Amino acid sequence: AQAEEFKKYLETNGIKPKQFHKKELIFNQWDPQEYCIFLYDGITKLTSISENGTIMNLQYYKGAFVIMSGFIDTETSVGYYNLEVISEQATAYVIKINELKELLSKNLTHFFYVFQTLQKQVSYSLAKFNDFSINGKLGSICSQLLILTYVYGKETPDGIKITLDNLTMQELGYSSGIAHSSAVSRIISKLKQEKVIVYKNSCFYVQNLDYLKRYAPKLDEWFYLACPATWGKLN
């Protein structure tokens, strides 16, 4: 993997792996230092918290990927957010945004690795913006379940199980723009009656992937074009 070789390149340049447990914040929106984090193992989400305390979930990040809170060119903030750990365990190499440019200059197979993750991210946020915007809040819930089925799902004799040890009703609402937790509950019950989803084991299971797929066409296309292994597993 490129991830494996980047991991090694990091350890060889004195950058060591740091472990985290559930609910720990790799960075926070008040930290005045900026970073590049190479998330290597684990599951994570990016949040923003309002002036009043309202919480928006911007995105899940899994597996090996990179997340940046600063600009290389200027070293200043891209904007203020948190990266929270969701899984029982995660590991990440934290680099100061001031050290990045020199690291990537030196070994440009790694420069292209990070640019690749930037292209994926660029393209992903666009697809997601298209699908969340059309069909309003119905399509938002269908779009987020589709993302979670492709990334975290698993084949199972009773459907496709979403392997998120938590995933609460309120948590889904934070990812859509939904303030009331009962509004989410309507959407979830409405999808249950039509045999789209089921809920057992403290876990969500999907059963008409085709239905979701119809509310989230730009994203399905994106899994196909950007992550064809992940996509082919359930297609």
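We number the residues from 1 along the sequence you see.
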- Query: If you average the CA temperature factors over each stretch, which comes out higher, 76-84 or 146-154?
  - Reply: 146-154
- Item | Higher-scoring stretch by recorded Cα B factor average, 201-209 or 27-35 | 201-209
- Looking at 57, 44, 54, 69, which has the biggest Cα B factor in the entry? 54
- Would you mind checking where the Cα B-factor of residue 219 ranks among the modelled residues of its chain, as the lowest, middle or highest third? lowest
- Going by the entry, which third of its chain does the Cα temperature factor of residue 98 land in? middle
- Item | Cα B factor band for residue 163 (lowest, middle or highest third within the chain) | highest
- What third of its chain's C-alpha B-factors does residue 138 belong to: lowest, middle or highest? highest
